[PDB]
Amino acid sequence: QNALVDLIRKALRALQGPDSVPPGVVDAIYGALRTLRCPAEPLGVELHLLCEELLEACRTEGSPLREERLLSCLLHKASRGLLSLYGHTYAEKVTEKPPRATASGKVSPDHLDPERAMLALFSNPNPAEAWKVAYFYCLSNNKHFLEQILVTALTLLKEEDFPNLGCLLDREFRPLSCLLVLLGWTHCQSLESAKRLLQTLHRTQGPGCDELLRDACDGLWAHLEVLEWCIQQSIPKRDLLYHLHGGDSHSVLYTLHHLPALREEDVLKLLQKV
Amino acid sequence: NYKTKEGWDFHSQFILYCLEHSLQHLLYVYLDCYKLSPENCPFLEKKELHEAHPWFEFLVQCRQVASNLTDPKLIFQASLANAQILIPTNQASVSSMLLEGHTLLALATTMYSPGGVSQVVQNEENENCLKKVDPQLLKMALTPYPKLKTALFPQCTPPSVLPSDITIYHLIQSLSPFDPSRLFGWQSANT
């Protein structure tokens, strides 16, 4: 069975290029492979190797092999477990060519983080392919979509990356962009970045988001306008961000005192806004 | 021109044996060969088998939501199936990770699901069992979520004033020698 497996393995591995397949890669390679009981249970690297071969082969075309016709004519006693091994190593091959950026060929996936592949899957135009990738990753890589997605979302939220969040959440996560922004907000230091995060995520999290979240984005923009009014009326970025991150306890009066002949009109307008 | 007395088919048995082979994407290829759908096959929705073969329920929800994942309904069904497959709880959902502390997956599942986040913020009477969670386990287990906790649920404080982090002497001290601490000790507001 191992030698007939290898006969198929030759016929295929040789078909793996552009050479014309002679007679047998269309009937004799198939017969030799059918003679292979490379079975289930703990086996050598050959079983999973040929399993991935047929599967990642089903990820190809042009010559006469795949996991597809393989499954067609390869249902036997010593094969369903090898099929499961093919599932594991096939999740491996599809992650191997991970979400294919044919348009974006400049990005090198030699040492790339999972964020790029995950975002490409989310914003992919193939919910069938996207769902297949997610299910395979869960089954044979132990990764729920939600947990990894939310961890990466908090990670991106701490840094306030507006437009990319608006783009990737537009795949499915428009509802929770404002919530992610709120979770990461206490980890922010620049007013422009905060406004950008609210606009391209929290405002991008529009009607699909919770009313409280978009309301918080609006109140935050209003407070930012009031603070700009005060800053025009009047800078320690340390004290500013200390008040901002601590605004929950830091009273507005606390922050302002922390900041006679000045513009009582400007502060009066800032207060009358409230 | 084939049939039985019992009622199975070599294709009925074919899908059943693919389950006996525990196939999801290969079973999905076979389903496309039959061009399968969210509920077009009444015999593929065995809740006992769906959870028990959590992979099979994941594949069925995959067909349903690859047909339509944008909808909160079909997408919510797919997310619940994914939680059942991943979280091994007999009742595995957003709540399973929530009570355990993993409120991240909880919010991710609750963004577009029955009841809703603001509804949970207000109303907890939604008879849908998937719209509830163990309260204290998740709550104390939501420790790394101060900002999230503040944003999600308004604080049900009484009519008494909340913390006022500026004092009369204090805010006055912004005028340098005009810090009212040097006198007026009988007034606490000038703290």
# chains A, B, ... in the order shown; residues from 1 in each chain; ligands from 1

$ interface_residues --of "chain B" --to "chain A" --cutoff "7 Å" --atoms "only C-alpha atoms" --output "count of residues only"
22

$ select_by_dssp --residues "segment 34-187 of chain B" --states "alpha helix (DSSP H)" --output "VMD selection string"
chain B and resid 47 to 52 54 to 67 72 to 86 94 to 99 103 to 110 117 to 122 135 to 140 146 to 152 168 to 173

$ atom_distance --atom1 "atom CA of residue 45 of chain B" --atom2 "atom CA of residue 122 of chain A"
26.7 Å

$ residues_around --residues "residue 261 of chain A" --least-positions-apart "2" --cutoff "12 Å" --atoms "only C-alpha atoms" --output "VMD selection string"
(chain A and resid 233 to 234 263 to 265) or (chain B and resid 175)

$ write_last_selection --atoms "C-alpha atoms" --output "PDB file, in the first residue's frame"
ATOM      1  CA  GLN A 233      -9.431  81.076  25.998  1.00  0.00           C
ATOM      2  CA  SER A 234      -6.088  79.920  27.441  1.00  0.00           C
ATOM      3  CA  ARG A 263     -11.482  86.242  28.614  1.00  0.00           C
ATOM      4  CA  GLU A 264     -14.342  85.568  31.008  1.00  0.00           C
ATOM      5  CA  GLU A 265     -16.482  85.751  27.868  1.00  0.00           C
TER       6      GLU A 265
ATOM      7  CA  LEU B 175      -5.082  82.495  41.011  1.00  0.00           C
TER       8      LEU B 175
END

$ atom_distance --atom1 "atom CA of residue 28 of chain B" --atom2 "atom CA of residue 14 of chain B"
12.6 Å
